[PDB]
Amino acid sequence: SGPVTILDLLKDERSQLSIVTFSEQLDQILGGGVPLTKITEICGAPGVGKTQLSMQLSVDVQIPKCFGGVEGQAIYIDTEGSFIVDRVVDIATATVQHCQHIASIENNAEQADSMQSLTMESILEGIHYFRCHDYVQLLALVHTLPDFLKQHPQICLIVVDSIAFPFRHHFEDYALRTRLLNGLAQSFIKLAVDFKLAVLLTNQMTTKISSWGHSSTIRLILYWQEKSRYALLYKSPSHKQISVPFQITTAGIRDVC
């Protein structure tokens, strides 16, 4: 066996893991969380929490190994604007607090070493943000990612928030529209596999009232029912459609309890 580098061995180990949501209920229906090497899709109407969950995932991928995490970094591709930097602060801060609790309680002198470096700021530093304003910019950026990711093997998650927004307009040539959309999917599948990371795509079209999606291994639909929030597992390897409750808090995505 070999030659492999120790870096190759670390990436194969990560390959196996999932990125927690901070909702025990979301984690259960996802199989432990958002899986690496796969594309996961979050659908729902405006205000359901696509971006909140995206941001929660971008923070969570950075949780250290000694707290059960992936300990990777994130790319966040924003195609819509109206990004609130202060939300990522709130979320990051609560994830730091949560690990500080485990390190102090149930005591390990290497969790105290990680706490040295796991701050709200180090979490914001580990998220690489790009703004795209149209589909052509988005296509050009994705073409550029193999390079970015060679320079940044820390990257374990790529968010595109949202995939649908730059395709919401009429194309004259419809055959071109699907070509381009089937190509992005294949580009995303390729990255997830060759760079051993999760691709997380946000989408408006599929709501709890509603071709593409074939490439997504998991599709979650986030919606409202009465006065609470729910996530439906709409597509998964098990093929069983379970809805679980969740809430959004200043800390981020949490269980209802």
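The first residue of the sequence shown is number 1, and the count goes up from there.
Visitor: Going by the mean C-alpha B-factor recorded in the entry, which is higher: 157-165 or 108-116?
Guide: The deposited B-factors put 108-116 ahead on the C-alpha mean.
Visitor: Taking the mean of the C-alpha B-factors per stretch from the entry, tell me the winner out of 222-230 and 56-64.
Guide: Comparing averages over the C-alpha atoms only gives 222-230.
Visitor: Of the options 87, 131, 150, 128, which has the highest CA B factor as deposited?
Guide: Among 87, 131, 150, 128, the PDB entry lists the largest C-alpha B-factor for 150.
Visitor: Looking at 51, 40, 37, 204, which has the biggest Cα B factor in the entry?
Guide: Across 51, 40, 37, 204, the entry lists the biggest C-alpha B-factor for 204.
Visitor: Looking at the entry's B-factor column for C-alpha atoms only, identify whether residue 81 ranks in the lowest, middle or highest third of its chain.
Guide: It falls in the middle third of the chain.
Visitor: With respect to C-alpha B-factor, does residue 16 fall in the lowest, middle or highest third of the chain as deposited?
Guide: Highest third, going by the recorded CA B-factors of the chain.
Visitor: Which third, lowest, middle or highest, does the CA B-factor of residue 1 fall in along this chain?
Guide: Ranked within chain, residue 1 CA B lands in the highest tercile.
Visitor: Check where residue 257 lands among this chain's C-alpha B-factors and tell me if it's the lowest, middle or highest third.
Guide: Highest third of the chain for residue 257's C-alpha B-factor.
Visitor: Rank-wise, by C-alpha B-factor, drop residue 187 into the lowest, middle or highest third of its chain.
Guide: It falls in the middle third of the chain.
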